[PDB]
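Just one chain follows, in the form deposited in one PDB entry, and it is written as structure tokens.
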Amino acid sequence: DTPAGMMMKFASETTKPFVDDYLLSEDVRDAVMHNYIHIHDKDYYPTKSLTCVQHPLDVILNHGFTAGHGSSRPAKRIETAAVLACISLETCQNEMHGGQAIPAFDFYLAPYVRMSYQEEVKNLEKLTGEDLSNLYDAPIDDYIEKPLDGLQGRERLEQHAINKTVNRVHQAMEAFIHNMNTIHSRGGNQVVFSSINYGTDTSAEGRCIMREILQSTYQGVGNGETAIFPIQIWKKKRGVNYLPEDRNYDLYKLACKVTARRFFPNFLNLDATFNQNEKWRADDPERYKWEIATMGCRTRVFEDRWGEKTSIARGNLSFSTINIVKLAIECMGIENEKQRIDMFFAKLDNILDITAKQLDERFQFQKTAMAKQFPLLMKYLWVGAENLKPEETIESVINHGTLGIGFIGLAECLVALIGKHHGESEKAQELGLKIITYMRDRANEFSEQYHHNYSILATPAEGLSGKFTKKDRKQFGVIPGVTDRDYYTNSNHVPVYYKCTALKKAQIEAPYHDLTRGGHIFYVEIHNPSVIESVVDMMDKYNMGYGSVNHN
């Protein structure tokens, strides 16, 4: 409705009918035209843009960043460090069509908590004059606060100096939450996606910054208002937290209390046998670079078939969703069950072949793009973008991305077309695991022949919640139990209308997580912080992954 918002749809409605006939081959055109394959984010097809990336902020903060004609200096304070983090999330958004996230936010804001107070003792000293050159190289327990009830001594300056950074850190983090919640900079939707990760830092500086993050979030933004960004993620690796005899167990009790109030902080299971790495040293500082860090878009980039297994600076190239619900309708006329399942696999075989080539054609289109089109994404943020001339091509470093073959309505696929769905049916549970394994096995075959990184993704319900259903419903009238819901259920998720307990959902949805390596989420909808620990307790027994709790 805004002048900037209405300008974007003029370009979209112009460039969307253009790409259909002048960029696609005849076979993919018919498959796309016949409502079989969906191309996510087709508006930016000519621009040759990528999906997302995990922001490395340690490099940006230590040297600043110069995008366009705007330049900045390295941060030397808590206020300067937090504010520059927001800008790094604002410039890159205009160069992509997805979202941003901060991996291990705790580690980044920790030297400057000390450094803002390290030189503060030199300003609190000149009033007195005594050479107090010992307030930095000492083991601080928690950067604690006191009621200031008649403190007295020479070392009263030592307690006053540390008292100066706790208030300043609290003020510093208020800027970060407000900046990412009120600055409308993106074209169109006018909101920049963001996400941060914290919960696995135990140092004195890290414990202070993590507490204030929870303390500031407990208060809100402006006047007692829950923030929408950034999305909060909590780590629960065993041996650092989640155990009573742990250094960070005290904050974990507070974190569940904050979650009970604002419902913002999500949890990530670092013990899943696929969210697990062999290079986690307990003593090496900055425990990131070998951990799992997700986003708000259920995007998971962990294992690379050519490179290193990490989630830093990587992301998706582009992903397409395959309508498997439609294929079952065409095979509903076969009387013999063995023949019926034979046809569905044959029909699924043809669509999968086109989609692998369909993603391959868009990949070839994107590799010709120049690095000058992404001033910040292809300069500091991407994996191998530190050496890329503006006039070069992205074909060298574009391979460290994920092409996603997603699906929708697995429950809708089997609810009435083939018997029952994967809820109150053990036979359908075996059938459902067979199909996803069939897609997973084919994606392995596509990876060998097309030489890419194909993964099965649980596509978030955003932009494709009702598009598929309406088009197919008209073609096939009213199919009872399938095309009478106006929305297809999300990937490998128990349908909402099927009543079940949290324990039962954990058991049913656990096996799918090892299959959908491209992204998954566990959703629990429902005061006491303990009940939050119940979710991670059941997530502990069964190998699951990313988890979230909502109220609505």
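Throughout, rigid core stands for the largest set of C-alpha atoms superposing within 1.5 Å between the two forms. Residue indices: 1-based, along the sequence shown.
Engineer: Among the other PDB entries compared that flank it on both sides, is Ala67 unmodelled in a third or more?
Structural biologist: That residue is missing from at least a third of the other compared entries.
Engineer: For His520, do at least a third of the other compared PDB entries give no atomic coordinates?
Structural biologist: No, none of the compared structures omit it.
Engineer: Check the residues of the deposited sequence separating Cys500 from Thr501 and report how many of them have no coordinates, as none, 1 to 3, 4 to 9, or 10 or more.
Structural biologist: The entry has no unmodelled residues between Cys500 and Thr501.
Keep in mind that the form deposited in another entry is not shown, yet the notes after this line are about it.
Engineer: Report the residue, chosen from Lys389, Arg238, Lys427, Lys474, for which the CA moves 2 Å or more between the shown form and the other one after the rigid core is overlaid.
Structural biologist: Result of the comparison: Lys389.
Engineer: Any chance the CA of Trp290 moves 2 angstroms or more between the shown form and the other one, core superposed?
Structural biologist: Shift of 2 Å or more: no.
Engineer: Please say whether, between the shown form and the other one, the C-alpha of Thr273 moves by 2 Å or more once the core is aligned.
Structural biologist: No, because once the rigid core is superposed, the C-alpha of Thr273 moves less than 2 Å between the shown form and the other one.
Engineer: Core aligned, does the CA of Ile521 move at least 2 Å between the shown form and the other one?
Structural biologist: Stays below the 2 Å threshold, so no.
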